[PDB]
$ cat upload_11.pdb   # PDB, C-alpha atoms
ATOM      1  CA  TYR A 386       5.904   0.348  -2.782  1.00  0.00           C
ATOM      2  CA  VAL A 387       3.633   1.226  -5.707  1.00  0.00           C
ATOM      3  CA  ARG A 388       0.221   2.814  -6.266  1.00  0.00           C
ATOM      4  CA  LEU A 389      -2.045   1.066  -8.774  1.00  0.00           C
ATOM      5  CA  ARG A 390      -4.198   3.314 -10.973  1.00  0.00           C
ATOM      6  CA  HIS A 391      -6.664   1.852 -13.469  1.00  0.00           C
ATOM      7  CA  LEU A 392      -5.408   3.138 -16.818  1.00  0.00           C
ATOM      8  CA  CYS A 393      -8.945   2.717 -18.182  1.00  0.00           C
ATOM      9  CA  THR A 394     -10.457   4.816 -15.362  1.00  0.00           C
ATOM     10  CA  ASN A 395      -7.594   6.778 -13.714  1.00  0.00           C
ATOM     11  CA  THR A 396      -8.962   5.712 -10.318  1.00  0.00           C
ATOM     12  CA  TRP A 397      -6.915   4.630  -7.315  1.00  0.00           C
ATOM     13  CA  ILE A 398      -7.128   1.036  -6.078  1.00  0.00           C
ATOM     14  CA  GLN A 399      -8.056   1.530  -2.419  1.00  0.00           C
ATOM     15  CA  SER A 400      -8.088  -1.173   0.256  1.00  0.00           C
ATOM     16  CA  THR A 401     -11.825  -1.344   0.952  1.00  0.00           C
ATOM     17  CA  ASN A 402     -13.040  -3.006   4.152  1.00  0.00           C
ATOM     18  CA  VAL A 403     -16.070  -4.481   2.337  1.00  0.00           C
ATOM     19  CA  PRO A 404     -16.264  -8.218   3.185  1.00  0.00           C
ATOM     20  CA  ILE A 405     -16.773 -10.111  -0.065  1.00  0.00           C
ATOM     21  CA  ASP A 406     -17.386 -13.391   1.804  1.00  0.00           C
ATOM     22  CA  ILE A 407     -20.643 -12.203   3.353  1.00  0.00           C
ATOM     23  CA  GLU A 408     -22.210 -15.661   3.060  1.00  0.00           C
ATOM     24  CA  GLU A 409     -19.303 -17.272   4.913  1.00  0.00           C
ATOM     25  CA  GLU A 410     -19.504 -17.041   8.695  1.00  0.00           C
ATOM     26  CA  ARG A 411     -15.944 -15.634   8.880  1.00  0.00           C
ATOM     27  CA  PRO A 412     -15.154 -13.856   5.594  1.00  0.00           C
ATOM     28  CA  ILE A 413     -11.516 -13.965   4.541  1.00  0.00           C
ATOM     29  CA  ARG A 414     -11.452 -11.827   1.362  1.00  0.00           C
ATOM     30  CA  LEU A 415     -11.924  -8.051   1.498  1.00  0.00           C
ATOM     31  CA  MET A 416     -13.028  -6.321  -1.695  1.00  0.00           C
ATOM     32  CA  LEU A 417     -10.657  -3.749  -3.193  1.00  0.00           C
ATOM     33  CA  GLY A 418     -12.557  -0.571  -4.023  1.00  0.00           C
ATOM     34  CA  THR A 419     -12.120   2.350  -6.403  1.00  0.00           C
ATOM     35  CA  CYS A 420     -10.904   5.463  -4.589  1.00  0.00           C
ATOM     36  CA  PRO A 421     -11.332   8.558  -6.798  1.00  0.00           C
ATOM     37  CA  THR A 422      -8.792  10.471  -4.700  1.00  0.00           C
ATOM     38  CA  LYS A 423      -5.036   9.835  -4.699  1.00  0.00           C
ATOM     39  CA  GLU A 424      -4.923   8.511  -1.131  1.00  0.00           C
ATOM     40  CA  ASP A 425      -1.388   7.087  -0.981  1.00  0.00           C
ATOM     41  CA  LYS A 426      -2.180   5.470   2.392  1.00  0.00           C
ATOM     42  CA  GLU A 427      -2.720   2.124   0.661  1.00  0.00           C
ATOM     43  CA  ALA A 428       0.720   0.723  -0.216  1.00  0.00           C
ATOM     44  CA  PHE A 429       0.661  -2.246  -2.616  1.00  0.00           C
ATOM     45  CA  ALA A 430       4.265  -3.424  -2.878  1.00  0.00           C
ATOM     46  CA  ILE A 431       5.673  -6.295  -4.947  1.00  0.00           C
ATOM     47  CA  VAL A 432       7.474  -9.244  -3.335  1.00  0.00           C
ATOM     48  CA  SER A 433       9.493 -11.679  -5.433  1.00  0.00           C
ATOM     49  CA  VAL A 434       7.996 -15.179  -5.333  1.00  0.00           C
ATOM     50  CA  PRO A 435      10.465 -18.076  -4.958  1.00  0.00           C
ATOM     51  CA  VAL A 436      11.602 -19.647  -8.218  1.00  0.00           C
ATOM     52  CA  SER A 437      10.911 -23.086  -6.752  1.00  0.00           C
ATOM     53  CA  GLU A 438       7.442 -21.772  -5.907  1.00  0.00           C
ATOM     54  CA  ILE A 439       6.898 -20.738  -9.536  1.00  0.00           C
TER      55      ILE A 439
END

$ encode --input "upload_11.pdb" --output "structure tokens"
Amino acid sequence: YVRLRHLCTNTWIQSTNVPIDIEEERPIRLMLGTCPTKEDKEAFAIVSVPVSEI
């Protein structure tokens, strides 16, 4: 797990439920918002991609 903080703003990267694909009937992408607080609830971990995939 890891918490991403914008070094240029010192703001947490929170998982915002804002639907970016408003125009689409069934949006698939949810915008990631700026959380001023250090809410560790959002857990953005890193998973190794397959070498063949790369």

$ atom_distance --input "upload_11.pdb" --atom1 "CA of residue 437 (chain A)" --atom2 "CA of residue 387 (chain A)"
25.4 Å

$ resolve_selection --input "upload_11.pdb" --expression "the PyMOL selection byres ((chain A and resi 419) around 7)" --output "NGL selection string"
:A and (396-399 or 418 or 420-421)

$ residues_around --input "upload_11.pdb" --residues "residue 402 (chain A)" --least-positions-apart "6" --cutoff "8 Å" --atoms "all atoms listed in the file" --output "list in words"
residues 415, 416 and 417 of chain A

$ write_last_selection --input "upload_11.pdb" --atoms "C-alpha atoms" --output "PDB file, in the frame of the given file"
ATOM      1  CA  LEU A 415     -11.924  -8.051   1.498  1.00  0.00           C
ATOM      2  CA  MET A 416     -13.028  -6.321  -1.695  1.00  0.00           C
ATOM      3  CA  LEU A 417     -10.657  -3.749  -3.193  1.00  0.00           C
TER       4      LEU A 417
END

$ axis_aligned_box --input "upload_11.pdb" --around "region 390-407 of chain A" --padding-each-side "4 Å" --output "JSON"
{"center_x": -12.4, "center_y": -3.3, "center_z": -7.0, "size_x": 24.4, "size_y": 28.2, "size_z": 30.3}

$ resolve_selection --input "upload_11.pdb" --expression "the PyMOL selection byres ((chain A and resi 414) around 12)" --output "list in words"
residues 400, 401, 402, 403, 404, 405, 406, 407, 408, 409, 411, 412, 413, 415, 416 and 417 of chain A

$ atom_distance --input "upload_11.pdb" --atom1 "CA of residue 438 (chain A)" --atom2 "CA of residue 389 (chain A)"
24.9 Å

$ atom_distance --input "upload_11.pdb" --atom1 "CA of residue 429 (chain A)" --atom2 "CA of residue 395 (chain A)"
16.5 Å
